[PDB]
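Asker: Based on what follows, work out the 3D shape:
(chains A, B and C, ligands or ions: 1)
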Amino acid sequence: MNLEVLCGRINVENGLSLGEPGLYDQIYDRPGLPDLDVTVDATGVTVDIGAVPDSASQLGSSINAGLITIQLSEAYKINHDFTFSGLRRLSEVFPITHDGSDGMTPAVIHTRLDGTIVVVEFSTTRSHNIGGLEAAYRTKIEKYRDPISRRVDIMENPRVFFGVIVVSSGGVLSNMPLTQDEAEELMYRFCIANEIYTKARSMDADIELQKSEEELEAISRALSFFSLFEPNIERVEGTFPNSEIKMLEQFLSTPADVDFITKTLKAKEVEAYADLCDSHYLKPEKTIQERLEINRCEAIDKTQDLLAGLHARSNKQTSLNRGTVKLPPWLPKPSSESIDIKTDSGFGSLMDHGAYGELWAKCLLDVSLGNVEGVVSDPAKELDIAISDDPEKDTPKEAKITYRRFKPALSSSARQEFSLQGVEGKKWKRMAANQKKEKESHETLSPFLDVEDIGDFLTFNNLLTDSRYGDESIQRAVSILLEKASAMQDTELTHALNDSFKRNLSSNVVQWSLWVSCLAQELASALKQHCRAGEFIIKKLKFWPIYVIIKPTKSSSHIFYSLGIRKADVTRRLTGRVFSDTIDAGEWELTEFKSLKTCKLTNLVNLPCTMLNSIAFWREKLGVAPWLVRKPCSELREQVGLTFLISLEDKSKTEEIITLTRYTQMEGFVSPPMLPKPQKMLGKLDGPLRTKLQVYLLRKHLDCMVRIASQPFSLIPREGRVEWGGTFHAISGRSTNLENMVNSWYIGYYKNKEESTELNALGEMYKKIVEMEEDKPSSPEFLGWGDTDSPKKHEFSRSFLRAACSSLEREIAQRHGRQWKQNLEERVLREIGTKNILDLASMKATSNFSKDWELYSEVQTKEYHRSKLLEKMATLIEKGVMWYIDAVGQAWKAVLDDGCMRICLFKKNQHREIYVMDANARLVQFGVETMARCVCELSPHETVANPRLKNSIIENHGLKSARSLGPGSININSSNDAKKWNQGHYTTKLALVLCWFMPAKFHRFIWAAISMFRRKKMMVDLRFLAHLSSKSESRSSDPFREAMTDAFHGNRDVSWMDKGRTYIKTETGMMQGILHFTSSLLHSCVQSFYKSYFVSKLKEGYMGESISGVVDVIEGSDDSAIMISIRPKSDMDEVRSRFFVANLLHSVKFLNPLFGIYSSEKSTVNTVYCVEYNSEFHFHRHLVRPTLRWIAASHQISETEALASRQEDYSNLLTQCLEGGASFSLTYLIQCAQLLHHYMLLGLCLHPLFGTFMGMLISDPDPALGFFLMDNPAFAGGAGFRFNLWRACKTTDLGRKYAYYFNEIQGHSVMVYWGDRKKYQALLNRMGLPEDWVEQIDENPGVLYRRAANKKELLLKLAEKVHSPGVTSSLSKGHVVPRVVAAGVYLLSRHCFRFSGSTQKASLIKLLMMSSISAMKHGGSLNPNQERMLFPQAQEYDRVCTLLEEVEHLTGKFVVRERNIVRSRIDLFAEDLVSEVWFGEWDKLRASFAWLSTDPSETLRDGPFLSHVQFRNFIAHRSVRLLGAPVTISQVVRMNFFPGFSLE
RNA sequence: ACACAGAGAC
RNA sequence: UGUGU
Ligand SMILES: [Mg+2]
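Answerer: Numbers count the residues shown, from 1 in each chain, chains lettered A, B, ... in the order given. Structure as follows:
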């Protein structure tokens, strides 16, 4: 075709301006692939292009019909000249300076007239990923940047425009304004070019361009292994369950029974039709209202049935005295900062009022007499410890034991009551009435409980009421910290968004959370302050007059705390009945001995930031601007109260009611002829009720179930869009918009992620593992050997699987062309041969379970601990193997000799069951996974290995429908979920699915690799068996408990366990994530069958016409969607067409078991303009993501050791809130809460010397020492920590510190070592690492830059890997979070930091004053070359900085926002130092560096680089994708600042 | 109190 | 108990 059309309408805009990358992908459908027979020889390629199949789309019209012959020496670029067929001199274009960059010609150089040259360059990418597609375009720009950049400017009136054409089968990228149909024409021609290239390369050699030596050797190793490796198929058939190879030959060779598939599909269609008529009441004829009332009656009946069922199991008690909140409603006025405990008076009257009064009278009396130490705290001596040198002598060791410990010598009755309250409950465990309380504890509550205090508290309370404290010690400190942090950016629109934060910090809820968080931090600090029997710890909160008596429990775990405060010392209280009762003892108000576990304190430490983020978010969602002041509404109070009660309770069951409200409230989008069926959720609401808030949430959940069944959300099409009406809060029941209803479903994510792994909740994991195993079919006849037409559980149909695999093969060959197996083979061999054994060497976990651990008698003495993968990898390297290809054989031999898999188990938790396998089984698993990943990337509609496809497939479906149907097409969708995915797939299925898509070479390896899954030996926890066998009691109420006890003791034998064995056995079912890319391939095959079947059904019509429709599918691993868009010919035809589509989508629920897939009841079927995929809701043109999901995780206690990486993690979590739909103002508020959290973790409420710390930090503001940097509020979150550090370097005295650190030196950062030290030491001696490793780095310094040549530099690569600063934090598990919380009492004063150096240790105050000591020596500022070297995005950093200057005054207008919120990506923002000079043109770049000497070794000290490894670590040193209206950086700040607000 | 249709914990 | 003299 002509070229001026392509180079036409484009404007020039002066010159020296490129075009933004516009990504185009194959939205449209192609007619097909013609015949491309290729004839060898005649020193050239002689192709025979057949006639293109004609289509109504006319896409394939520019193909060359006939024969074209191109000679050799060009077939190495056959793609280049072929896909651009039909589409000079550089000195001809412009005068030449003869600088040497001449003689290279662009593909198209023609000027196109009009005075602008419009030089364009052509490129091709065979790699099927975005990465190579972008890299080719970038490198084309790089290698033709120079002429356009400078050579053009020297001539009169320059006019140029550079273009790059990059084509791939997946998509095409160009800055050129390019026609859509032209884009798919280019991709089509590229597909023919790829087919021709593969046939030419397969026919003969030397067509392919010479590659690197390492890739050829990598292919050679893999080919030799796959040709040579033998698995001894007889032994793997005999040892494991049904694994005969004959299954593979029968599956691959025998065609599917087309008569069976046709008959089975019709029967399942009839069954689905009957079920749809019966469940949705469609026959006989009834109006919509009558069926809606019938659905209402059935939902009400099922609700009352559930209530009556839960009532009978419960104790029939009308009212209970339990309080939802286990903390007092106290709101004491903050006082001067002091942890001192003073006697005062009035403790004499405490004796009479109860046992708690007796304890609180004995406690304060010891303070008066001075027996207890630490009642007075003097920071003057502690300040000396921080600043003194030689700190081993100065620190008092003996002060730890007796710090604030008192013995009350208490009476008997008080001890009895405390034993009733759990304190010292082992001494008087049995006694009297203790067993009565214990048996009363295990009582399920009744659903008809009088839970009306919760409803009154949520609607009416004093939350979000200004406490009128305003200027008090904690808030003064927070305000000072905020005002110091906002200094480099101190302007207006910072004050406006800081005053809102201070107003939100002065509410009753936030002050209450503040002192509760102080209490939680003090209890975390008291965890390791162990006491003897009868010894308690008095403490006092730094800013509040609250005294706490702590009884630490041995081995951490629980903590016992009793609060006390003078009656005159409580200014205000929270107005609610949800709080627990408090003992009134004269002038003192007391509290019972409540209990919190070691992980319950983490939820209370983050309470103030949680409340602040909830207030800011739910003020944003109601439209109230931060700078405005208004009284809270009903919705605001109810949402904050729900968040408050959820965060304080911290129970897993309570979240499950609100978590499951999503699946019962999404059913209101179900269009007719189907009725909403929200009563599917009742199966998951059978859990026992153990708290009044659970009762209230269940009662409010069932009322939401009646409303959804009664009435669905009406479409209400107003103009060019659909806006659903009738949306309402699930628990509150109050009407609201769509986003609030969606966001309310994620309120339950306010619970802490990790709760515990106790031996009571660990039992139900094995219930999940076993109950599916017991459903194994008796005969293996239906396990892949034949067809069933009615599969039971664990069974599938072979013919249906073959039909799905054939459909996926056809759809892959459609886009990828023929000979797709050749490219897949080459990619697999390349990616297997290149990888070395040390690449896999990273510590995640392994399992030491073996044959020696299979008997419980020999293991009772020992304790089970699991090693890391690095130890096994180092053992393998010491054996001699360095390549991954030389491995795998030994691992498979070991697994076959063992005959099973050795797996251990964790519980963990999600907002879960994970499996850790042995090192031998992991390598073979890694191999079978790296096959499946390369296989599934060819799939056109999965998202697990093609992450771009998630937000591509759903929106591009409308673009297909626009041409294939025209305007007015009706879209019907179906959000799908799968039940029992991990437990329900027999492993023969995945083996056949994977072996379908490979050459015959890999079939033996795959069969051997995943034939081992059919016999698993999973190790249970050792402590579980101790308590299972020690009692030896058959008494139980849950049958699984008795079954597991019987299996262990061997009274009756079962298949899933044996007598006296530590492991449990499981044949049926894969595992979570261990088989992730193969099950995704299976589930892609299943819904590639579904799309073709739906297309055929739509083509055949409903009695013989052609119902025009478009079917599109997306399925990553488990979540999946089916989008069908149709157009009705007539208005009467519309109802019949929609009924046909409803029948088509309802048939899926019955067609899934044919492939051995069980459709869950969480799947929402037959919705119009509503589709959901991976928690991302697509409501027509209004994409909705839960912002509440990401702001609740924005403040996480960081286990990192740098203390400068804490702010990096905070920025990383801040960016995730911005991408979730949060505005810039809300993101700035989240950052202020993150600052509050950061300074809480540094000792705001735990260290008396924190005021001196902030005073010294104000003088020297610097990260890596405890200073927080804040983003610009206009662009908060969109800029990373580097931009903030660059702005600080340019705008404050930190530039002096960096200038002396780098510019003026001839010859930084801190580590803190979270976690213990002896286990790291016990790790190193086990390794084979040489003790002299550091000085072997000096000679041959290429070890740190070249990955692997010989074996000698191995274990040195591993040593420099393990000695990375980030590795040390990886040794620490999740148990170091309480240590990070408790460390705030000694970070500033005591010496825990090292200067990144074991000889020297320094405190934070000492390091800060050494920075002050290092002052007055810093000379100059940042050299402009330093600003480019340290910050290689400095130029566009400045460009963003200028673009943020005009947004300085809060001036704007309130305009109604259009609801067309879609995803929008913003494209904003030293290897040559190694590859040249040091190791084997552009040599002036080293001269441009202008430092150091030209010698790899010695070179004295250019900087503080004492070792070459440290230099390598130093030399190792963002396209944030927002969500808003579709329209650019200036406009984003203009638009996405507040919903409905425009910032001028 | 703590988890839990008692197999823990204190 | 890098524990708050
Ligand atoms: Mg889903």
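
Asker: so who does residue A:279 touch?
Answerer: Residues counted as contacts of residue A:279 (CB atoms under 8 Å, 6 or more residues apart in numbering) are residue A:677. In this view, the C-beta of every residue, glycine as well, is placed from N, C-alpha and C.

Asker: which residues touch the residue in the stretch 301-450 of chain A positioned nearest to the ion?
Answerer: Checking the stretch 301-450 of chain A residue by residue against the ion with CB to the ion singles out residue A:302 as nearest, at 23.3 Å. Under the criterion of CB under 8 Å, 6+ apart, the contact partners of residue A:302 comprise A:679, A:682.

Asker: Wasn't it part of a helix?
Answerer: Yes. Under the criterion used here (DSSP: H, G, I helix; E, B strand; the rest coil), residue A:302 sits inside a helix.

Asker: tally of neighbours for residue A:634?
Answerer: Residues contacting residue A:634 under the criterion other CB atoms under 10 Å number 12.

Asker: Return the distance of it relative to residue A:1187.
Answerer: Separation of residue A:634 from residue A:1187 (CB to CB, to the nearest Å) stands at 21 Å.

Asker: Show me where the stretch 551-700 of chain A has its strands.
Answerer: Listed in chain order, the strands of the stretch 551-700 of chain A (DSSP state E, counting those that start in this stretch) span residues A:559-566, A:572-573, A:584-585, A:588-590, A:594-596.

Asker: Paired strands for the fourth one, with orientation please.
Answerer: Here strand A:588-590 has these sheet partners by DSSP bridges: strand A:559-566 (antiparallel), strand A:584-585 (antiparallel).

Asker: Distance of the residue nearest to residue A:898 when sequence neighbours are not counted relative to residue A:1061?
Answerer: Spatial nearest neighbour of residue A:898, excluding adjacent residues (CB to CB, 6 or more residues apart in numbering): residue A:851 at 7.3 Å. Summarising the geometry, the distance separating residue A:851 from residue A:1061, computed by CB to CB, is 11 Å.

Asker: Tell me which of those two has more neighbours.
Answerer: Counting neighbours by other CB under 10 Å for residue A:851 and for residue A:1061 shows that residue A:1061 has the greater number, 19 against 11.

Asker: Give me the phi and psi for the more buried one.
Answerer: Note on residue A:1061: backbone dihedrals following degrees, to the nearest 10 are phi -120, psi 140.

Asker: Compute the distance between the nearest residue to it once chain neighbours are set aside and residue A:1074, please.
Answerer: Counting by CB to CB, 6+ apart, residue A:854 is the residue found nearest to residue A:1061 once chain neighbours are left out, at 5.8 Å. The span separating residue A:854 from residue A:1074 equals 22 Å under the rule CB to CB.

Asker: if you count what's nearby, which of the two comes out ahead?
Answerer: Neighbours per residue (other CB under 10 Å) separate residue A:854 from residue A:1074, with residue A:1074 holding more: 22 against 17.

Asker: Give me the distance from the helix or strand containing residue A:1123 to the chain's centre.
Answerer: Following DSSP states H and E, the helix or strand that holds residue A:1123 is strand A:1120-1126. For strand A:1120-1126, the gap between its own C-alpha mean and the chain's C-alpha mean amounts to 27 Å (CA atoms, centre = their mean, to the nearest Å).
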